Structure formats: C-alpha cells, structure tokens
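# Fold and contact review
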Amino acid sequence: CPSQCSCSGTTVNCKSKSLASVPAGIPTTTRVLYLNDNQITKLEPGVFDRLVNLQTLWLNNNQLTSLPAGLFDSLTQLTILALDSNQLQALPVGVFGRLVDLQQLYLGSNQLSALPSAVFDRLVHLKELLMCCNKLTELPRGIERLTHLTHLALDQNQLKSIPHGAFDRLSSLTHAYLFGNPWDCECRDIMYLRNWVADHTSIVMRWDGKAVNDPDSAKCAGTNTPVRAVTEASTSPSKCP
Ligand SMILES: CC(=O)N[C@H]1[C@H](O[C@H]2[C@@H](O)[C@@H](CO)O[C@@H](O[C@H]3[C@H](O)[C@@H](O)[C@@H](O)O[C@@H]3CO)[C@@H]2O)O[C@H](CO)[C@@H](O[C@@H]2O[C@H](CO)[C@H](O)[C@H](O)[C@H]2O)[C@@H]1O
C-alpha cells in the first residue's frame, strides 16, 4: 500500500490525498483504484502496465492535460474509466483501443474539441458515454456504432447538429443529454435531431443535480426555442456553416 493511501482487499483508496503524482506501491492485485480529487498533472508511460487486474479506475478531478499513447493498453479487464474534470486538450490515437470490456467512460469537463476518428471503435460493450462540458463541434465519429449505450451525455458542448441517422441504432438509450448546445435551427441539417427528439421524448434529459426528463431542453441557438418544434419549411440548406 502507498503510504499516502489506505488499502483493503483489492481496493486502493488514494482519493482526496493532495497527490501530485501516482504513488508507488499499488499492488498488482488491485481491482479498484481511486486516484480522484488530487492534483496529478501527468501520468507516466507504463504506470498502469503492472496493474493488469484493474476493473475500475478513477482519475477524475485532477490536473491532467494529456495522456501518453498506450497508457491503458494492459487494462483489458477495465469496465469503468473516469477522466472527467481534468484539463485534457486532446487524446492520442488508440488510447482506448485495448479496453474491449469497458462499460463506462467519463470524459466530461475537459478541454476536448475533437476526438481521434477511431477512438471508440473497439468499445463494443460500452453502455455509458458521458462527455458534457467540453468544446466539441461535431459528434465524434464512432458513436453511431455504440449500440449498447444506455447513457449518452453531450450537453454543454458546441454542437450545431447531429449527423443524419447517428442515433438510429442506439436502441437501448434511456438517458440522452443535449441541452447547452448552440443547435443551428436555421440550417437544414437540424431536421434529423428534430425528428429524432420528437420520436424519443422520454429519453431526452436535463440536469438539475440529477436526470430530469425534458424534451424541450435541446434548444435552438438565438431563439432558444425547442429543437423538436422546428418546422422543415423554416430551414434551408443554404443557411448552414
Ligand atoms: C465519475 C463521475 O461520476 N462523474 C460525475 C460526477 O460525479 C460526482 C458525483 O458522484 C458527486 C456526488 O456527491 O460526488 C463527486 O465527487 C466529490 C466527492 O464526493 C467529494 O468527497 C470530493 O472528493 O470532491 C469530489 C468532486 O467534487 C463526483 O465528482 O458528477 C457530475 C455531476 O455533478 C457528473 O456530471 C454530469 O453528468 C451528467 C450525465 O450523467 C450531465 O452531463 C451533467 O450535465 C453533468 O454535470 C459526472 O459525470
């Protein structure tokens, strides 16, 4: 056990310990690793290579700005990875490529404006993808193939539309967060999101400390009128960015 942390069973608790770096002494037997709520500014390559039994890894609420390539490649049994509330500016290609059993991925509250094109291609069992509070301008490629998603959080980004058909195979969705985006309702491309929301009013959620069903929470930029109320006649292909 790291001297700054407490350990019990296969759980290592390094949460809220004012840590500036990942401490030594985490047993290779560890299955749950709390490193959240610290001041970790970077993760060294190979730091997780020894921890092949991890199933849940909490790196949220730190000061991470980048991740080295291959950082997680040994964590083949990982099912939850939390990276929210950091300062991640970009991700390397294949950063999640080996996390084939991952079920929950937290990326909200970073500085991401795009993702590598194949970032989710191997996450065939993913159920929750929460990426609020970044600066995304397009739906990341690959999300349309995460057919097992129950939770998809895209709120508080910079999305203007959703590519046609992107949500149609996400038939297990129960929670979709779309508020806080500047949806461009004069552009003809908004019609897919409009049509999809109108058919899935029960799964569009707002957030006041918790999920609250609100299909009007996806709002048009400027008028702040509901996206699902847009008429096609009011839109035009020539009014798109
Ligand atoms: C990894 C994760 O669960 N992230 C979500 C985040 O989790 C916070 C929540 O569990 C609260 C519950 O009290 O605890 C916070 O942790 C505390 C900790 O308990 C304290 O002892 C001390 O250490 O400080 C930390 C941090 O303050 C967890 O961080 O909760 C937020 C919402 O508050 C979620 O973000 C929302 O996600 C929604 C989709 O699910 C939606 O997009 C919404 O807009 C987001 O705000 C994190 O996903």
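Criteria and thresholds
Residues numbered from 1 in each chain as written, not as in the entry; some residues may be left out. Heavy atoms only, no water. Helix = DSSP H or I, 4+ residues; strand = E, 2+ residues; numbered from the N terminus. Rg over C-alpha atoms; globule rule 2.2 N^0.38 Å. Buried < 20%, exposed > 50% of the residue type's maximum accessible area, 1.4 Å probe, protein only. Areas by Shrake-Rupley, 256 points an atom, 1.4 Å probe, with all protein chains shown as cover. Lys, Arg positive; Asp, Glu negative; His and termini not counted. Charge placed at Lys NZ, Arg CZ, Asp CG, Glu CD. Polar contact = N/O pair within 3.5 Å; in protein donor to acceptor, adjacent residues only side chain to side chain. Contact = heavy atoms within 4.5 Å. Near = heavy atom within 4 Å. Nonpolar A, V, L, I, M, F, W, Y, C, P; charged D, E, K, R; others polar. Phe/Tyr/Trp six-rings, centres within 6.5 Å; stacked < 30°, edge-to-face > 60°. Core = buried A, V, L, I, M, F, W, Y, C linked by side-chain atoms within 4.5 Å. Disulfide = S-S within 2.5 Å. Pairing = 2+ DSSP bridges. Axes fitted to C-alpha atoms, helices over the stretch in contact; angles between N-to-C directions. Salt bridge = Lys/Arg side-chain N within 4 Å of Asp/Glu carboxyl O.

As recorded in the entry header, the structure was determined using X-ray crystallography to a resolution of 2.0400 Å.

### Considerations on the overall build of the chain
A count of helices and strands for the chain gives one helix and eleven strands. In sequence order, the chain lays out its α and β elements as β-β-β-β-β-β-β-β-β-α-β-β. Against the globule reference of 18 Å for 241 residues, the chain gives a C-alpha radius of gyration of 19 Å, in line with a compact fold. Here the chain holds 241 residues, and 46% of them are scored as buried. Carbon and sulfur atoms make up 47% of the accessible area of the chain, which totals about 11100 Å². The positive charge centre, built from 20 side chains, and the negative charge centre, built from 20, are 3 Å apart in the chain.

### Some thoughts on the side chain of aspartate 155
Inspection of the secondary structure assignment puts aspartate 155 in the loop between β8 (151-153) and β9 (175-177). At a separation of 2.9 Å, a polar atom in the side chain of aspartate 155 contacts the side chain of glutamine 156. Setting aside chain neighbours within four positions, we find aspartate 155 in contact with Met131, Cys132, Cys133, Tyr177, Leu178, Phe179 and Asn181.

### Regarding the site of the ligand
Every one of the 17 residues lining the ligand counts as a neighbour, but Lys15, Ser16, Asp37, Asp84 and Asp155 are closest to it. Here an oxygen atom of the ligand sits 3.2 Å away from a polar atom, N or O, in the side chain of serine 16. Measuring from a nitrogen atom of the ligand, one finds a side-chain N or O atom of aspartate 84 at 3.0 Å. Alone, the ligand offers 890 Å² of accessible surface; in the complex the protein occludes 52% of this. The class makeup of the residues in the shell around the ligand is nine nonpolar, four polar and four charged.

### Thoughts on the packing of aromatic side chains
Inspection of the entire model under this criterion finds seven aromatic pairs. Aromatic pair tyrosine 34 and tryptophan 58: ring centres 6.2 Å apart, planes at 10°, arrangement stacked. With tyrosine 34 in strand β3 (residues 32-34) and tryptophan 58 in strand β4 (residues 56-58), the pair connects residues that are 24 residues apart, well separated along the chain. Note on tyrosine 34: relative accessible area 29%, which makes it partly exposed. Judged by centre distance (6.5 Å) and plane angle (50°), the rings of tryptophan 58 and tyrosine 106 are tilted. Of this pair, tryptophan 58 sits in strand β4 while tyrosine 106 is found in strand β6 (residues 104-106), placing the two residues 48 residues apart along the sequence. Take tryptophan 58 and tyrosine 106: they sit in the same class, and that class is buried.

### Re the nonpolar core
General note: in soluble globular proteins, nonpolar side chains tend to be found buried as a group. One finds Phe72, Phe96, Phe167 and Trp196 to be the most contacted residues of the largest nonpolar core, which totals 68 residues. Per-element accounting of this core gives the leading share, five residues, to helix α1 (residues 191-199). Residues in contact with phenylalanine 72, not counting those within four places in the same chain, are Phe48, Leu57, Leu59, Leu67, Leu81, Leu83, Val95, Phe96 and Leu99. With ten residues, the next largest nonpolar core counts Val32, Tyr106, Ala153 and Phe179 among its residues.

### Describing the state of the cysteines
Taken as a whole, this structure holds five disulfides when the rule is applied. One disulfide bridge connects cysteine 5 with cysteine 14, the sulfur atoms lying 2.0 Å from each other. Taking the torsion about the S-S bond as the criterion, the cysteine 5 to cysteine 14 disulfide, at about 105°, is right-handed. Of the two residues, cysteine 5 and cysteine 14, both sit in the buried class. Each disulfide pairs two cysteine sulfurs, and for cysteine 187 the partner residue is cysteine 240, the sulfurs being separated by 2.0 Å.

### Some words on the sheet that holds β9
On the basis of which strands lie adjacent, the open sheet formed by eleven strands has the order β1-β2-β3-β4-β5-β6-β7-β8-β9-β10-β11 and mixed pairing. In this open sheet, the two strands that pair with only one neighbour each are β1 (6-8) and β11 (211-213). Neighbour-to-neighbour, the strand axes of the sheet open up by a mean angle of 15°, direction not taken into account. As defined by bridge partners, strand β10 (residues 204-207) adjoins β11 across three bridges and the pair is classed as antiparallel. Pairing of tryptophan 207 across the sheet is with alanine 211, part of β11.

### So, the pattern of salt bridges
For the coordinates displayed, the defined rule picks out seven salt bridges. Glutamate 144 is the salt-bridge partner of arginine 145, the closest N and O atoms lying 2.5 Å from each other. Here the salt bridges share partners, and the residues they tie into one network are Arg206, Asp208 and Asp214.

### Describing unusual backbone geometry
A positive phi angle, close to 55°, is found at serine 85, a residue other than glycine. Within the secondary structure, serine 85 sits in the loop between β5 (80-82) and β6.

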